[PDB]
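Colleague: Structure below; questions to follow.
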Amino acid sequence: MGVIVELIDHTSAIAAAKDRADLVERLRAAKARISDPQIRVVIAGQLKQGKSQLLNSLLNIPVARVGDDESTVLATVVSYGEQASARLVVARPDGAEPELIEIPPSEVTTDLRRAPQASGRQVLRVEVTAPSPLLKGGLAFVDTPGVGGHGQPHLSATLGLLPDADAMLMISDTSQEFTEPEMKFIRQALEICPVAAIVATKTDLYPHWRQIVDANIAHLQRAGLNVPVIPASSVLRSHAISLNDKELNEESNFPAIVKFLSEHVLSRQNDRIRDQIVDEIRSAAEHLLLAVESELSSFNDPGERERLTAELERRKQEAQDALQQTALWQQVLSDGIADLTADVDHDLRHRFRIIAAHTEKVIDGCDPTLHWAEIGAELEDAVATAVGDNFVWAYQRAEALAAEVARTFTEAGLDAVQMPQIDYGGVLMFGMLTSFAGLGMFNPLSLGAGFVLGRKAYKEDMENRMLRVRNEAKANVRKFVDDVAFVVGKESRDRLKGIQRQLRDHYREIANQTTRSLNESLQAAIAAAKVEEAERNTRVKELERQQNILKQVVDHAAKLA
Ligand SMILES: Nc1nc2c(ncn2[C@@H]2O[C@H](COP(=O)(O)OP(=O)(O)OP(=O)(O)O)[C@@H](O)[C@H]2O)c(=O)[nH]1
Ligand SMILES: [Mg+2]
């Protein structure tokens with residue numbers, strides 16, 4: 001920058017001179033954030049819709065893997081970097097911060113789900129760099145693994161990437177209209193990530209692609225889902241790039257994708273980042289100002305020292321009490337997380353109980369041996385959709401809790417550094433959700449049911465046989481549902497522990513910072529009473545000089561509104 005970065009540098013210099021290492025680090029993080037913002041755009045959709053090819057054609061770089069049956073098996077984040085680099089994001093137990101493990105940039109195009117460096121631990125995602133001018137602005141794309149197919153996770157598993165995302169591109173090729181799972185996922189996704197667009201891919205392959213697009217637009221409007229649809233051909237885009245052909249690039253309609261990313265993602269988020277760094281600059285300056293103006297008050301107004309110091313002492317004590325387990329904001333957080341953990345599990349099992357009841361009715365209303373595949377498919381879809389709805393519900397409740405904790409902290413004045421009256425930078429935990437082992441892998445009928453070797457010399461009456469087969473199917477359904485509830489509940493629990501950790505770290509950092517700034521102000525006010533009058537004006541002038549420089553930073557920051 002000219003202005004903003006200078007302002008950060010300028011403020012950091014003042015903080016360094018005042019031995020405020022905490023402020024220096026805070027400003028270091030803020031500056032790093034505005035350079036590498038990581039504005040994440042999740043590329044979602046079912047398998048083989050053209051997600052990876054879209055990403056490759058866009059950046060004109062083969063970071064994604066594209067094959068006719070294989071390719072993406074792990075969530076992959078692509079961000080800007082002049083030099084190629086890559087790392088695994090490997091999970092730690094009990095919602096602890098994930099571990100970054102450097103790998104050679106190649107290993108990507110391999111199955112990294114069992115990368116040797118991970119030591120059998122869960123790989124949440126892969127984060128790779130690419131030197132694409134497109135990413136220069138701070139856009140980061142998340143390619144998603146194949147879902148919706150046999151042996152794969154359900155499309156709703158993609159929802160786990162969205163709480164930490166700023167935008168979503170929903171990929172569906174123009175071979176046919178939206179399926180019901182696609183429609184359900186879109187509705188769920190918009191609850192978490194409102195900024196989204198449909199990319200209707202492979203227009204070069206399907207002559208009637210416009211028919212599908214218009215039918216999809218109609219369907220979206222009937223469902224009350226406000227998402228734009230953008231037609232595109234990655235294939236045309238790729239030739240356009242090769243030929244440096246502006247006209248062919250227009251035909252691929254990729255500029256429309258660029259336009260959406262620019263006007264609804266990059267520009268919008270750049271504004272929010274701009275606001276936060278300006279706020280970071282202002283806060284740092286105001287923390288420094290408190291000690292300066294407190295010492296000034298002690299000088300210019302000696303008869304007010306008792307009230308000034310008593311106030312500063314009071315606020316310091318409150319800031320210190322805020323670091324104790326008994327602090328109200330921490331109580332609200334801890335009790336809130338505990339309640340939500342139980343409530344999320346209660347919600348899930350309620351949804352599952354309703355689903356199990358429906359499936360059992362279906363089983364009792366037919367011949368299960370004539371519908372085992374159809375019954376299994378419906379159950380898996382219903383369960384996976386419920387997991388998705390549960391995840392959305394949990395996200396909304398977690399957001400509400402974080403808001404309440406924020407209010408509790410602020411209303412306690414634990415971030416206030418105004419003069420008394422006188423006269424997350426860590427590794428994120430986002431990844432694919434987990435429900436069942438894979439689609440089409442549950443069968444209500446088990447192997448050793450003995451239908452061939454169960455026949456006696458004499459025939460079983462049908463009534464009993466139906467009853468037995470139906471009871472067997474019900475048993476397997478209830479076990480499947482219970483097993484999923486166990487696995488999902490575990491992920492929910494660890495997720496909330498992670499959120500708890502992130503929020504706790506955040507506010508303890510603020511409390512320590514406030515404690516420090518108040519204690520410096522306190523010492524400054526005390527040390528001023530020790531100087532004889534002969535050195536008053538000399539120190540005072542220096543303070544007024546410091547005061548002006550800091551107020552200049554605040555004002556400069558304010559104008560950058
Ligand atoms: N004609 C045409 N074919 C495309 C286009 N985009 C992708 N394909 C083909 O469609 C298939 C799917 O490509 P991918 O980009 O790997 O799709 P995907 O969603 O990433 O697949 P998964 O990662 O397994 O979920 C590939 O074999 C491509 O050759 C396109 O724009 N036009
Ligand atoms: Mg792919």
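By order in the structure tokens, chains are A, B, ...; within a chain, residues start at 1; ligands start at 1, following the order shown.
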If the limit is 8 Å from any atom of ligand 1, counting only C-alpha atoms and all ligand atoms, which residues qualify? Return them as a VMD selection string.
Modeller: chain A and resid 45 to 55 64 to 73 143 to 147 171 201 to 206 232 to 236
Colleague: Could the residues in this selection be saved with N, CA and C atoms as a tab-separated table (two decimals), in the first residue's frame?
Modeller:
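Output below, filename part-v9.tsv:
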```tsv
chain	number	residue	atom	x	y	z
A	45	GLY	N	-20.74	-29.71	-5.86
A	45	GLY	CA	-21.50	-30.44	-6.87
A	45	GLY	C	-21.24	-31.93	-6.79
A	46	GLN	N	-22.09	-32.71	-7.44
A	46	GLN	CA	-21.95	-34.17	-7.45
A	46	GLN	C	-20.78	-34.58	-8.34
A	47	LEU	N	-20.46	-35.86	-8.37
A	47	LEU	CA	-19.33	-36.33	-9.16
A	47	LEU	C	-19.40	-36.11	-10.66
A	48	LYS	N	-18.24	-35.88	-11.25
A	48	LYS	CA	-18.10	-35.80	-12.70
A	48	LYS	C	-18.87	-34.65	-13.35
A	49	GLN	N	-19.19	-33.62	-12.59
A	49	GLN	CA	-19.95	-32.49	-13.13
A	49	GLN	C	-19.04	-31.48	-13.82
A	50	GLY	N	-17.73	-31.63	-13.62
A	50	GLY	CA	-16.76	-30.76	-14.26
A	50	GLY	C	-16.16	-29.74	-13.32
A	51	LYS	N	-16.13	-30.07	-12.04
A	51	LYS	CA	-15.63	-29.16	-11.01
A	51	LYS	C	-14.14	-28.87	-11.18
A	52	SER	N	-13.35	-29.93	-11.24
A	52	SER	CA	-11.90	-29.81	-11.34
A	52	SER	C	-11.46	-29.15	-12.65
A	53	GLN	N	-12.09	-29.55	-13.75
A	53	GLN	CA	-11.77	-28.98	-15.05
A	53	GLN	C	-12.07	-27.49	-15.08
A	54	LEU	N	-13.15	-27.09	-14.41
A	54	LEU	CA	-13.51	-25.68	-14.31
A	54	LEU	C	-12.41	-24.89	-13.63
A	55	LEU	N	-11.91	-25.43	-12.52
A	55	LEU	CA	-10.84	-24.79	-11.76
A	55	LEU	C	-9.56	-24.70	-12.58
A	64	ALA	N	-5.85	-29.07	-10.30
A	64	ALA	CA	-6.87	-30.08	-10.04
A	64	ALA	C	-6.48	-31.38	-10.72
A	65	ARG	N	-7.16	-32.47	-10.43
A	65	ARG	CA	-6.96	-33.72	-11.13
A	65	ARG	C	-8.20	-34.08	-11.91
A	66	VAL	N	-8.09	-34.32	-13.20
A	66	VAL	CA	-9.30	-34.66	-13.93
A	66	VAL	C	-9.19	-35.94	-14.73
A	67	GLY	N	-10.07	-36.88	-14.40
A	67	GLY	CA	-10.09	-38.18	-15.02
A	67	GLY	C	-11.52	-38.61	-15.20
A	68	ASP	N	-11.74	-39.58	-16.06
A	68	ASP	CA	-13.09	-40.03	-16.38
A	68	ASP	C	-13.68	-40.96	-15.34
A	69	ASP	N	-12.82	-41.56	-14.53
A	69	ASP	CA	-13.31	-42.16	-13.31
A	69	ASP	C	-12.31	-42.27	-12.18
A	70	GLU	N	-12.16	-41.18	-11.44
A	70	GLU	CA	-11.26	-41.14	-10.32
A	70	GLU	C	-11.18	-39.69	-9.85
A	71	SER	N	-10.00	-39.12	-9.99
A	71	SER	CA	-9.78	-37.75	-9.70
A	71	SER	C	-10.00	-37.35	-8.27
A	72	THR	N	-10.85	-36.38	-7.99
A	72	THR	CA	-10.78	-35.73	-6.70
A	72	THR	C	-11.30	-36.56	-5.53
A	73	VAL	N	-10.43	-36.82	-4.58
A	73	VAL	CA	-10.79	-37.60	-3.40
A	73	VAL	C	-10.59	-36.89	-2.08
A	143	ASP	N	-11.55	-27.09	-4.33
A	143	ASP	CA	-12.05	-28.21	-5.12
A	143	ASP	C	-12.55	-29.29	-4.17
A	144	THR	N	-13.69	-29.89	-4.49
A	144	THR	CA	-14.31	-30.87	-3.60
A	144	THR	C	-14.24	-32.27	-4.19
A	145	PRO	N	-14.16	-33.29	-3.32
A	145	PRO	CA	-14.08	-34.68	-3.79
A	145	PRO	C	-15.37	-35.17	-4.44
A	146	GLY	N	-15.28	-36.27	-5.17
A	146	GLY	CA	-16.44	-36.87	-5.79
A	146	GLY	C	-17.44	-37.35	-4.76
A	147	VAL	N	-18.67	-36.84	-4.86
A	147	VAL	CA	-19.75	-37.25	-3.97
A	147	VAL	C	-21.00	-37.57	-4.78
A	171	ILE	N	-21.64	-26.64	-9.06
A	171	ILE	CA	-21.42	-27.17	-10.40
A	171	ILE	C	-22.38	-28.31	-10.74
A	201	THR	N	-22.22	-26.39	-16.52
A	201	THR	CA	-21.02	-26.74	-17.28
A	201	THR	C	-21.29	-27.61	-18.51
A	202	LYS	N	-20.26	-27.75	-19.34
A	202	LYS	CA	-20.26	-28.63	-20.51
A	202	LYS	C	-21.27	-28.23	-21.58
A	203	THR	N	-21.41	-26.92	-21.81
A	203	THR	CA	-22.33	-26.43	-22.83
A	203	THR	C	-21.85	-26.80	-24.23
A	204	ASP	N	-20.54	-27.03	-24.36
A	204	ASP	CA	-19.96	-27.43	-25.64
A	204	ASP	C	-20.32	-28.86	-26.00
A	205	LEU	N	-20.75	-29.63	-24.99
A	205	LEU	CA	-21.02	-31.05	-25.18
A	205	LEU	C	-22.50	-31.34	-25.41
A	206	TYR	N	-23.36	-30.51	-24.83
A	206	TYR	CA	-24.80	-30.74	-24.91
A	206	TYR	C	-25.51	-29.62	-25.65
A	232	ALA	N	-21.37	-22.28	-18.88
A	232	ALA	CA	-19.93	-22.24	-19.12
A	232	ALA	C	-19.43	-23.49	-19.83
A	233	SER	N	-18.33	-23.34	-20.56
A	233	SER	CA	-17.62	-24.47	-21.15
A	233	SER	C	-16.13	-24.34	-20.86
A	234	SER	N	-15.63	-25.18	-19.96
A	234	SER	CA	-14.22	-25.16	-19.59
A	234	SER	C	-13.34	-25.50	-20.79
A	235	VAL	N	-13.87	-26.36	-21.65
A	235	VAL	CA	-13.21	-26.79	-22.87
A	235	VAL	C	-12.95	-25.62	-23.82
A	236	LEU	N	-13.99	-24.84	-24.09
A	236	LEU	CA	-13.86	-23.62	-24.90
A	236	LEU	C	-12.91	-22.62	-24.27
```
Colleague: So that I can check the surroundings of residue 181 (chain A), please list as a list in words every protein, DNA and RNA residue that reaches within 9 Å of it, counting only C-alpha atoms and ignoring chain neighbours fewer than 2 positions away.
Modeller: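 With the cut-off at 9 Å, the set is residues 148, 154, 155, 156, 178, 179, 183, 184, 185, 186, 381 and 385 of chain A.
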Colleague: Using the selection just defined, write its residues with N, CA, C and O atoms as a PDB file, in the first residue's frame.
Modeller:
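Saved file selection_3.pdb follows:
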```
ATOM      1  N   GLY A 148     -21.889 -38.373  -4.210  1.00  0.00           N
ATOM      2  CA  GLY A 148     -23.138 -38.700  -4.873  1.00  0.00           C
ATOM      3  C   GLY A 148     -23.106 -40.013  -5.634  1.00  0.00           C
ATOM      4  O   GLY A 148     -24.132 -40.470  -6.134  1.00  0.00           O
ATOM      5  N   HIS A 154     -22.196 -38.567   0.653  1.00  0.00           N
ATOM      6  CA  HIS A 154     -23.351 -37.884   0.088  1.00  0.00           C
ATOM      7  C   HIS A 154     -22.988 -36.429  -0.191  1.00  0.00           C
ATOM      8  O   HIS A 154     -22.052 -35.896   0.405  1.00  0.00           O
ATOM      9  N   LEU A 155     -23.724 -35.793  -1.098  1.00  0.00           N
ATOM     10  CA  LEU A 155     -23.449 -34.411  -1.487  1.00  0.00           C
ATOM     11  C   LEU A 155     -23.505 -33.453  -0.294  1.00  0.00           C
ATOM     12  O   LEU A 155     -22.838 -32.416  -0.287  1.00  0.00           O
ATOM     13  N   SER A 156     -24.285 -33.814   0.719  1.00  0.00           N
ATOM     14  CA  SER A 156     -24.445 -32.977   1.906  1.00  0.00           C
ATOM     15  C   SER A 156     -23.173 -32.910   2.750  1.00  0.00           C
ATOM     16  O   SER A 156     -23.042 -32.044   3.614  1.00  0.00           O
ATOM     17  N   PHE A 178     -31.592 -30.337 -12.513  1.00  0.00           N
ATOM     18  CA  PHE A 178     -31.265 -30.607 -11.120  1.00  0.00           C
ATOM     19  C   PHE A 178     -31.946 -31.877 -10.630  1.00  0.00           C
ATOM     20  O   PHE A 178     -33.124 -32.102 -10.903  1.00  0.00           O
ATOM     21  N   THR A 179     -31.199 -32.708  -9.912  1.00  0.00           N
ATOM     22  CA  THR A 179     -31.800 -33.822  -9.196  1.00  0.00           C
ATOM     23  C   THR A 179     -32.314 -33.299  -7.864  1.00  0.00           C
ATOM     24  O   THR A 179     -31.965 -32.191  -7.453  1.00  0.00           O
ATOM     25  N   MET A 183     -31.057 -30.092  -5.407  1.00  0.00           N
ATOM     26  CA  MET A 183     -31.956 -29.050  -4.920  1.00  0.00           C
ATOM     27  C   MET A 183     -31.897 -28.916  -3.402  1.00  0.00           C
ATOM     28  O   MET A 183     -31.856 -27.805  -2.872  1.00  0.00           O
ATOM     29  N   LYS A 184     -31.897 -30.051  -2.709  1.00  0.00           N
ATOM     30  CA  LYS A 184     -31.850 -30.056  -1.250  1.00  0.00           C
ATOM     31  C   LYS A 184     -30.535 -29.486  -0.735  1.00  0.00           C
ATOM     32  O   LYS A 184     -30.516 -28.737   0.241  1.00  0.00           O
ATOM     33  N   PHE A 185     -29.439 -29.845  -1.394  1.00  0.00           N
ATOM     34  CA  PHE A 185     -28.123 -29.354  -1.008  1.00  0.00           C
ATOM     35  C   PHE A 185     -28.011 -27.847  -1.193  1.00  0.00           C
ATOM     36  O   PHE A 185     -27.429 -27.155  -0.360  1.00  0.00           O
ATOM     37  N   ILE A 186     -28.560 -27.346  -2.295  1.00  0.00           N
ATOM     38  CA  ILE A 186     -28.505 -25.921  -2.594  1.00  0.00           C
ATOM     39  C   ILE A 186     -29.220 -25.115  -1.510  1.00  0.00           C
ATOM     40  O   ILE A 186     -28.698 -24.105  -1.039  1.00  0.00           O
ATOM     41  N   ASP A 381     -30.197 -41.674   1.742  1.00  0.00           N
ATOM     42  CA  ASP A 381     -30.454 -40.305   1.312  1.00  0.00           C
ATOM     43  C   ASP A 381     -31.145 -39.502   2.409  1.00  0.00           C
ATOM     44  O   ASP A 381     -30.809 -38.341   2.643  1.00  0.00           O
ATOM     45  N   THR A 385     -29.374 -36.439   4.381  1.00  0.00           N
ATOM     46  CA  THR A 385     -30.052 -35.151   4.322  1.00  0.00           C
ATOM     47  C   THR A 385     -30.301 -34.629   5.733  1.00  0.00           C
ATOM     48  O   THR A 385     -30.188 -33.431   5.994  1.00  0.00           O
TER      49      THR A 385
END
```
Colleague: For a quick check of understanding, using only C-alpha atoms and all ligand atoms, which of A:418, A:76, A:2, A:36 has the smallest distance to ligand 2?
Modeller: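 Of A:418, A:76, A:2, A:36, the one nearest ligand 2, counting only C-alpha atoms and all ligand atoms, is A:76.
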Colleague: Could you pull the residues within 10 Å of residue 353 (chain A), counting only C-alpha atoms, minus those fewer than 4 positions along the same chain, as a list in words?
Modeller: residues 347, 348, 349, 357, 358, 359, 478, 481 and 482 of chain A
Colleague: Please indicate the distance in Å from CA of residue 451 (chain A) to CA of residue 472 (chain A), rounded to one decimal place.
Modeller: 12.4 Å
Colleague: Leaving out region 436-438 of chain A and any residue of its chain fewer than 3 positions from it, which residues lie within 8 Å of it when counting only C-alpha atoms, given as a PDB file with N, CA and C atoms, in the first residue's frame?
Modeller:
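As written to disk, result.pdb reads:
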```
ATOM      1  N   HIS A 150     -21.563 -44.261  -6.051  1.00  0.00           N
ATOM      2  CA  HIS A 150     -21.408 -45.477  -5.260  1.00  0.00           C
ATOM      3  C   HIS A 150     -20.079 -45.493  -4.513  1.00  0.00           C
ATOM      4  N   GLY A 151     -20.145 -45.714  -3.204  1.00  0.00           N
ATOM      5  CA  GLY A 151     -18.954 -45.776  -2.376  1.00  0.00           C
ATOM      6  C   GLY A 151     -18.458 -44.411  -1.939  1.00  0.00           C
ATOM      7  N   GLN A 152     -19.165 -43.366  -2.353  1.00  0.00           N
ATOM      8  CA  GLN A 152     -18.766 -41.998  -2.042  1.00  0.00           C
ATOM      9  C   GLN A 152     -19.615 -41.398  -0.927  1.00  0.00           C
ATOM     10  N   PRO A 153     -19.127 -40.309  -0.311  1.00  0.00           N
ATOM     11  CA  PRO A 153     -19.973 -39.551   0.616  1.00  0.00           C
ATOM     12  C   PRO A 153     -21.164 -38.926  -0.101  1.00  0.00           C
ATOM     13  N   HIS A 154     -22.196 -38.567   0.653  1.00  0.00           N
ATOM     14  CA  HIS A 154     -23.351 -37.884   0.088  1.00  0.00           C
ATOM     15  C   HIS A 154     -22.988 -36.429  -0.191  1.00  0.00           C
ATOM     16  N   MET A 441     -23.734 -48.768   0.075  1.00  0.00           N
ATOM     17  CA  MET A 441     -22.990 -49.783   0.814  1.00  0.00           C
ATOM     18  C   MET A 441     -23.801 -50.370   1.967  1.00  0.00           C
ATOM     19  N   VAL A 484     -24.510 -44.436  12.470  1.00  0.00           N
ATOM     20  CA  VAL A 484     -24.295 -43.119  11.883  1.00  0.00           C
ATOM     21  C   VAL A 484     -24.379 -42.031  12.950  1.00  0.00           C
TER      22      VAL A 484
END
```
Colleague: Compile the contact shell of region 311-325 of chain A as a count of residues only: residues with an atom at most 10 Å away, counting only C-alpha atoms, same-chain residues fewer than 6 positions apart removed.
Modeller: 34
Colleague: Residues of region 213-453 of chain A classed as helix (DSSP H, G or I) by DSSP on the backbone are to be reported as number ranges by chain.
Modeller: A: 213-222, 234-243, 246-251, 254-300, 302-321, 328-364, 368-370, 372-411
Colleague: For ligand 2, which residue out of A:34, A:80, A:142, A:425 is the nearest one, using only C-alpha atoms and all ligand atoms?
Modeller: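 Result for the nearest residue to ligand 2: A:142.
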Colleague: Applying 8 Å and only C-alpha atoms, which residues near residue 74 (chain A) remain after dropping the ones on its own chain fewer than 6 positions away? List them as a short mmCIF file (atom, residue, chain, number, x, y, z; two decimals) with N, CA, C and O atoms, in the first residue's frame.
Modeller:
```
data_model
loop_
_atom_site.label_atom_id
_atom_site.label_comp_id
_atom_site.auth_asym_id
_atom_site.auth_seq_id
_atom_site.Cartn_x
_atom_site.Cartn_y
_atom_site.Cartn_z
N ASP A 111 -3.64 -40.08 -4.21
CA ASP A 111 -4.55 -40.21 -3.07
C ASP A 111 -3.85 -39.84 -1.77
O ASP A 111 -3.11 -40.65 -1.20
N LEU A 112 -4.08 -38.62 -1.30
CA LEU A 112 -3.47 -38.15 -0.06
C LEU A 112 -4.29 -38.44 1.19
O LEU A 112 -3.94 -37.99 2.29
N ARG A 113 -5.37 -39.20 1.04
CA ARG A 113 -6.19 -39.58 2.19
C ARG A 113 -5.41 -40.48 3.14
O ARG A 113 -5.67 -40.50 4.34
N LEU A 124 -7.90 -33.70 6.72
CA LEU A 124 -9.09 -32.88 6.52
C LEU A 124 -9.14 -32.30 5.11
O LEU A 124 -10.21 -32.24 4.49
N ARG A 125 -7.98 -31.90 4.60
CA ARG A 125 -7.88 -31.26 3.30
C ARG A 125 -6.42 -31.10 2.88
O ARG A 125 -5.51 -31.42 3.64
N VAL A 126 -6.22 -30.61 1.67
CA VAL A 126 -4.88 -30.25 1.20
C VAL A 126 -4.87 -28.79 0.78
O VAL A 126 -5.81 -28.30 0.17
N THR A 144 -13.69 -29.89 -4.49
CA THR A 144 -14.31 -30.87 -3.60
C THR A 144 -14.24 -32.27 -4.19
O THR A 144 -14.26 -32.44 -5.41
N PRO A 145 -14.16 -33.29 -3.32
CA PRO A 145 -14.08 -34.68 -3.79
C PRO A 145 -15.37 -35.17 -4.44
O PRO A 145 -16.42 -34.54 -4.29
#
```
Colleague: Would you list the contacts of residue 141 (chain A) as a ChimeraX atom specification, taking every protein, DNA or RNA residue within 10 Å and counting only C-alpha atoms, but skipping same-chain residues closer than 4 positions in sequence?
Modeller: /A:38-43,55,76-80,127,135,165,167-169
Colleague: Just to be explicit: take each residue in the selection above, keep C-alpha atoms, and write the result as a compact mmCIF listing (two decimals), in the first residue's frame.
Modeller:
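Output file out_17.txt follows:
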```txt
# COMPACT_ATOMS: atom_id res chain seq x y z
CA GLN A 38 -7.72 -16.31 1.71
CA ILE A 39 -11.19 -15.53 0.37
CA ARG A 40 -12.42 -19.10 0.03
CA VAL A 41 -14.73 -20.15 -2.79
CA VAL A 42 -16.03 -23.72 -2.51
CA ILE A 43 -16.56 -25.53 -5.81
CA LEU A 55 -10.84 -24.79 -11.76
CA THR A 76 -8.13 -29.13 -2.05
CA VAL A 77 -7.54 -25.43 -1.39
CA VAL A 78 -5.76 -23.41 -4.07
CA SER A 79 -4.38 -20.02 -3.21
CA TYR A 80 -1.91 -17.59 -4.58
CA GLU A 127 -3.67 -26.68 0.78
CA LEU A 135 -5.42 -15.69 -7.18
CA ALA A 165 -16.20 -20.12 3.04
CA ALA A 167 -18.74 -18.06 -1.58
CA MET A 168 -19.88 -21.23 -3.34
CA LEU A 169 -19.92 -22.24 -6.98
```
Colleague: Run DSSP on the backbone of this structure and report the residues of region 64-142 of chain A it assigns to strand (DSSP E), as JSON, numbers by chain.
Modeller: {"A": [76, 77, 78, 79, 80, 86, 87, 88, 89, 90, 99, 100, 101, 102, 103, 123, 124, 125, 126, 127, 128, 129, 130, 139, 140, 141, 142]}
Colleague: Which one of A:31, A:460, A:63, A:338 sits closest to ligand 2 if you count only C-alpha atoms and all ligand atoms?
Modeller: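 Closest candidate: A:63.
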Colleague: I'd like to know which of A:138, A:16, A:456, A:410 is closest to residue 273 (chain A), using only C-alpha atoms.
Modeller: A:138
